[PDB]
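Chemist: just the starting chains for now, same placement as in the complex:
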Amino acid sequence: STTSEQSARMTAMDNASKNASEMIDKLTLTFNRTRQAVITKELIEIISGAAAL
């Protein structure tokens, strides 16, 4: 039982790490999109304020 349990824990941790890696990839893509969008939004606010004087 202990041998099989340790094998299963190794497999489960490997799969969990793989899933966390896929989720990290997706969230990194989302974070980059959001960061660029925030830069653009702040810059457009500044531009509109400057041109609206």
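Modeler: Okay, I see it. Numbering: from 1, shown residues only, chains lettered A, B, ... in the order given.
Chemist: for the rest of this, base every contact and every neighbour count on C-alpha atoms.
Modeler: Fine.
Chemist: hey, where'd the helices end up in chain A?
Modeler: A:2-51 (DSSP state H).
Chemist: ok, residue A:47 - contacts?
Modeler: Contact analysis of residue A:47 by CA atoms under 8 Å, 6 or more residues apart in numbering lists nothing.
Chemist: tell me the spacing between it and residue A:12.
Modeler: Residue A:47 is 52 Å from residue A:12, where distance means CA to CA, to the nearest Å.
Chemist: can you give me the offset of stretch A:42-53 from its chain's centre?
Modeler: On the basis of CA atoms, centre = their mean, to the nearest Å, stretch A:42-53 is displaced by 30 Å from the centre of the chain it belongs to.
Chemist: and what of stretch A:36-43?
Modeler: 18 Å.
Chemist: go on, stretch A:24-41?
Modeler: Centroid separation between stretch A:24-41 and its chain, computed with CA atoms, centre = their mean, is 8 Å.
Chemist: do stretch A:10-21 as well
Modeler: 17 Å.
Chemist: now it - C-alpha only, PDB.
Modeler: C-alpha atoms of stretch A:10-21 as PDB (Å, rounded to 0.1, in the frame of the first residue of the first chain):
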ATOM      1  CA  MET A  10       4.000  11.400  -7.500                       C
ATOM      2  CA  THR A  11       1.600  11.100 -10.400                       C
ATOM      3  CA  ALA A  12      -1.000  13.300  -8.900                       C
ATOM      4  CA  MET A  13       1.500  16.100  -8.100                       C
ATOM      5  CA  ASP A  14       2.900  15.900 -11.600                       C
ATOM      6  CA  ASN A  15      -0.600  16.300 -13.100                       C
ATOM      7  CA  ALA A  16      -1.400  19.100 -10.700                       C
ATOM      8  CA  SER A  17       1.800  20.900 -11.700                       C
ATOM      9  CA  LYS A  18       0.900  20.500 -15.400                       C
ATOM     10  CA  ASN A  19      -2.600  21.900 -14.900                       C
ATOM     11  CA  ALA A  20      -1.100  24.800 -12.900                       C
ATOM     12  CA  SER A  21       1.300  25.400 -15.800                       C
END
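Chemist: same structure, new chain, call it chain B:
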Amino acid sequence: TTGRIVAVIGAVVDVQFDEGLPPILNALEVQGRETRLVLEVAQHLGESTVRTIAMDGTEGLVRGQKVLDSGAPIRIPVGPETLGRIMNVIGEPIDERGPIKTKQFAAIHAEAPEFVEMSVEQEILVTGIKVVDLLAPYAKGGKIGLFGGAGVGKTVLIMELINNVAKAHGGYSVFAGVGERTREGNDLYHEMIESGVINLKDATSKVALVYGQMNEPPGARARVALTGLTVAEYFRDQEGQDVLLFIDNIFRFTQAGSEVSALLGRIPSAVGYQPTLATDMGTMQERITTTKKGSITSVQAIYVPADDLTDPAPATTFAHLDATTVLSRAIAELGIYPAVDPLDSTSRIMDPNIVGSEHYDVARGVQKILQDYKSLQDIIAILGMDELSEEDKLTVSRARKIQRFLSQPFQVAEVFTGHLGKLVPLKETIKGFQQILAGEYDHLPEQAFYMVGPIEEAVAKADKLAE
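Modeler: Adding chain B to what we have so far:
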């Protein structure tokens, strides 16, 4: 024609021409200046006024200073006498070795070759480097992106490419440094002098440097890539040969363009870049092509902001790249040189229709075996080497031999490796890797493949170290 400076806002200068206006992109020289100041026209505001971006510090200018219209855009001295000479964006030498004497001058604002001045067939540029020529061949007249760029061999690789291209095909090269650190610029000058690609005595240089310093106004760092293109276009058209053009860095090209656009008073685009980002890049990258006379193969060092591959700068540059090289810190650790990531490197012409079926099959087999070894390394780390089969230990051995064989000794690094540099032709590389994949050399030791030229050198090394 003579005008007057009417306004000076930062690096932007508004001039007034009572007689006749210069066309856009012309170069104007400010009279009454201790050091040559050149202004590039960018707008026609009306009322005979033009707005110009300054190529040098505008401090000390007065409203009324006379400005003389040259009549043509920035014209630089191009020819065979620029080889081994550093010169800034406006063509003035900055290496203090006297004037760049030439009988030719070229305007830096030219147009891409017309649709009929274009090679219709792809080609391959043989650089004499195993990894580059096998896993990511460099298309002739195609942009190559080069990643990494920190203590991994970027400069030594650039120098080796210069040497091989000037030795195999005999073409010269240009090194346009866009926004170049002065410390690193001087260091590079001296490294080139040491390795021999520049010769201050006998005039047998193989590279012409063009430095856009990092402390020049934004209007100068934005145009040095064009000066480099002009120096290389001379060799392509006039000398009718294949040139190399190293642009280090291209992200700094985009940054300088963005700063100039902001200074002129233009609304920024998506991430605060110039609204003309795509065209600003395209006008330059479209002059690096294979005309029917010669060709220019460019090598951009590329920086990815925030490690974001979708940022408008690399998202726009990657649209132009025809290949990719990825120097990796993780491979210089292993002592492999050049530390080119065999798997992350990419090429558009790695296609059986272009590079031929045998080259394509060898490259695909090498990539597959390297991926297999990479996958197996996890099993080795976790379950221990014992767990492998006999049809997997063999692949591990073959992949280690291939990794060793992909390393090479450079001619411009004989003071780092104690060996003598090798310029491996293409057929030698393909045959060597085909033989290693076939298994013909499974009996040799792995270290017999480390840092050798063609496969026959591996055989000789095995004989010399076993006997």
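Chemist: same question on the contacts of residue A:47, but with chain B included?
Modeler: Each residue near residue A:47 by CA atoms under 8 Å, 6 or more residues apart in numbering or on different chains is listed here: residue B:267.
Chemist: need the residues of the stretch 151-300 of chain B near chain A, please.
Modeler: Contact residues, the stretch 151-300 of chain B versus chain A (CA under 8 Å from any CA of the partner chain): B:267-272.
Chemist: any chance of these in CSV, with neighbour count and secondary structure too?
Modeler: Output for those, formatted as CSV (neighbours: other CA atoms under 10 Å in any protein chain shown; DSSP: H, G, I helix; E, B strand; the rest coil):
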residue, neighbour count, secondary structure
B:267, 16, coil
B:268, 20, coil
B:269, 16, coil
B:270, 17, coil
B:271, 19, coil
B:272, 19, coil
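Chemist: quick check: the farthest pair among the residues you listed?
Modeler: B:267 and B:271 (11.2 Å; CA to CA).
Chemist: counting neighbours, what do you get for residue 28?
Modeler: I went with chain A, as the question did not name one. Using other CA atoms under 10 Å in any protein chain shown, residue A:28 has 13 other residues around it.
Chemist: sorry, should have said chain B
Modeler: Residue B:28 is flanked by 26 other residues according to other CA under 10 Å.
Chemist: which secondary structure state is assigned to it?
Modeler: Under DSSP: H, G, I helix; E, B strand; the rest coil, residue B:28 falls in the strand class.
Chemist: quick check: it vs residue B:238, distance?
Modeler: Distance from residue B:28 to residue B:238, by CA to CA: 28 Å.
Chemist: again with residue A:39
Modeler: Applying CA to CA, the value for residue A:39 to residue B:238 is 46 Å.
Chemist: so for residue B:179, what's the nearest residue that isn't a sequence neighbour?
Modeler: residue B:214 (4.3 Å; CA to CA, 6 or more residues apart in numbering or on different chains).
Chemist: I figured the one you found was touching residue B:177, is that so?
Modeler: No - taking contacts as CA atoms under 8 Å, residue B:214 lies outside contact range of residue B:177: 9.5 Å.
Chemist: include chain C as well:
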Amino acid sequence: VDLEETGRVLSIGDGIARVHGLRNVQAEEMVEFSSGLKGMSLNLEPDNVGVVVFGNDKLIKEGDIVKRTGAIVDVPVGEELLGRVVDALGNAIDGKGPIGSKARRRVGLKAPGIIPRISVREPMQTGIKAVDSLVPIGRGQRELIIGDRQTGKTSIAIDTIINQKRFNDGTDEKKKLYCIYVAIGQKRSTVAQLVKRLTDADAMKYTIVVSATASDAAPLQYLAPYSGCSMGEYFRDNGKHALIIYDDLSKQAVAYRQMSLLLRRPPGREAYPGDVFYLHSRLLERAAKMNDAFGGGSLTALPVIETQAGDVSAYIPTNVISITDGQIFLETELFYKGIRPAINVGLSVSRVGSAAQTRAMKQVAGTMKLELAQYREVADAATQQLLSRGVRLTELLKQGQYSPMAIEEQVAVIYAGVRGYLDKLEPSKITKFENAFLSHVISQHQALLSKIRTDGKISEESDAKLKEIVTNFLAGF
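Modeler: With chain C now in place:
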């Protein structure tokens, strides 16, 4: 100086000249500058005129003389353009002589209304097994090709163009398709190589190529799609069929964003103006399918979009997905893995072409689609069978490059695959079997394929003979 039919450039800069004069210039009219360029007069203002220059602003100077041509922006159209490359204004750039066209069409002409059109009823054959069986494209449809950098979209377009030769070499005037290829913001090297590839496949004699490569000013990249769409509307309104391939429609959006920002317009989301949706819908609404009271012609459209990192829910991809009649999602993961064409049949759909599919292909591809759909959900006994069959089909739909297939060969191959003849063949050898089987049927049994093509269905006798052929060949393999 005549201040009615002529003006003087007040201020050049940004690629938007301000002219003073032209008191009788119509909105959206084309004017000609002294140097040789041409421009379009957007902003008829009280005191000046805002002309966007279709070229490089370097050539224009303050003081230059602008002369109105007297006609709205239009391009030369006709049969005379087939086999020629042309810039965004219809001026030839392949140096084979003057274009010499008799008819001129406006680029801003409006799309046909609701009554002229009719449902899509004819198939547009692409010679790509995945596209023709799983996401069929009819004639008059607008099928977006959306993907990433280097995933094989231009390959789909060029395979379609090269495949149309079976019909453009025959005699049936109702099947000939005249292709148009618009290249926007795209390396000129690529356009030249593509034109050579077409010339080598004898596919230029019925193809127009409009070029707005990356070295061309933003207004030309903005205006190239409309020039191409007018060149195709000529055939559409004359009872002939056309196929226009905008490539890409994201480079056009970038060019239009440049144009708008330089005009100081309020940037919106991702700095794109508010007109981008209108910019593209104005264009893709012209790919209609006229009814027999208007000629019966058609104009297919295959816009191409390059997503960024696989983001399909971006702004411009979603606009063009809200404009078009389907999708062909090319997945980068699949492409790098080895599946090519990398069409992600899960997310790729065809709104309209399903009814236009050919019966012979329709019956076989129905069961192919069911089998692939079942396999998609399981990736014991039934599960193992589904995995095996799905892998067989997936390796069956891999295809070469620049080697389009006639519908009959696709029918034969997919029939062999879906009827379980390959259920024993090792999954790796499916491609080898496919290439050998195609040669076999293309050499000896031309009668069967010809009968399938003519009858337009897999009749029971055709079914039996095909069964015999495939089983015998599989025995001898």
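Chemist: re-run the earlier check on the neighbour count of residue B:28 with chain C in the model.
Modeler: By other CA under 10 Å, neighbour count at residue B:28 equals 26.
Chemist: tell me the bridge partners for it.
Modeler: Going by DSSP bridges, residue B:28 is paired in beta bridges with residue B:39, residue B:69.
Chemist: in the stretch 201-350 of chain B, which spans are helices?
Modeler: Secondary structure of the stretch 201-350 of chain B (DSSP state H, counting those that start in this stretch): helices located at B:218-221, B:224-237, B:250-264, B:277-285, B:312-317, B:329-332.
Chemist: give me the helices and strands touching the first one, please.
Modeler: Using 3 or more CA pairs under 8 Å, 6 or more residues apart in numbering or on different chains; DSSP states H and E as the contact test, the elements touching helix B:218-221 are strand B:49-54, strand B:208-213, helix B:250-264.
Chemist: which one of the helices of the stretch 201-350 of chain B lies closest to residue C:27?
Modeler: Proximity to residue C:27 (CA to CA) singles out helix B:277-285 among those, at 26.9 Å.
Chemist: for the spatially most distant residue from the centre of chain C, helix, strand, or coil?
Modeler: Distance from the centre of chain C peaks at residue C:1, with 47.2 Å (CA atoms, centre = their mean). Following three-state DSSP, we place residue C:1 in the coil state.
Chemist: quick one: it and residue C:61, what's the gap?
Modeler: Per CA to CA, residue C:1 is found 18 Å from residue C:61.
Chemist: spatially nearest residue to the residue in chain B that chain A sits nearest to (excluding sequence neighbours)?
Modeler: Relative to chain A, the nearest point of chain B is residue B:271 (5.1 Å; CA to the nearest CA). What sits nearest to residue B:271 in space, not counting adjacent residues and going by CA to CA, 6+ apart, is residue A:40, at 5.1 Å.
Chemist: which one of the helices of the stretch 201-350 of chain B lies nearest to residue C:354?
Modeler: Nearest to residue C:354, of all these, is helix B:312-317, at 35.7 Å by CA to CA.
Chemist: and chain B, which of its residues are near chain C?
Modeler: When proximity is defined by CA under 8 Å from any CA, chain B lies next to chain C at B:21-25, B:42-46, B:48, B:112, B:114-116, B:118-122, B:266-271, B:275-276, B:278-279, B:282-283, B:286, B:289, B:310, B:319-320.
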